[PDB]
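Shown here is one chain on its own, the form deposited in one PDB entry, set out as structure tokens.
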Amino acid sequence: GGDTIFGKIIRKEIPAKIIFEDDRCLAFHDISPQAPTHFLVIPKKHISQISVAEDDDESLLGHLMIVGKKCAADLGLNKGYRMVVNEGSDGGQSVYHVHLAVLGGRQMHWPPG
């Protein structure tokens, strides 16, 4: 599952505040939250960046968004939220394991960085 810190989290080698898990993804609170609610949804398959995602992983990527949607509702984000995928240096990608960030609990501003 990869040699990043997110791979270690998936393997339960280091702790994280887990929100949801299934057979193909994991959702957990971000260690550096930028909003009152800030969590990540990651695939268990090690896709390093969205730019290299294959066509066969189309529904898996959508699964991350559906899981993010359901976790946001369970966490009470009834006023809205923002989902973010960072790619590469210009995108500010901090870990080379694809992650969908979900931020809410405050007004999110424009531009988004």
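All residue numbers are counted from 1 along the displayed sequence.
FYI, the form solved in complex with a small molecule isn't displayed, but the following is about it.
The small molecule in the deposited bound form comes within 4.5 Å of a heavy atom belonging to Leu40. Within this chain, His63 is remote from the site of the small molecule in the deposited bound form, having no heavy atom within 4.5 Å. Proximity of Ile9 to the small molecule in the deposited bound form: non-hydrogen atoms within 4.5 Å are present. For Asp57, no non-hydrogen atom is located within 4.5 Å of the small molecule in the deposited bound form, even though that partner is not displayed.
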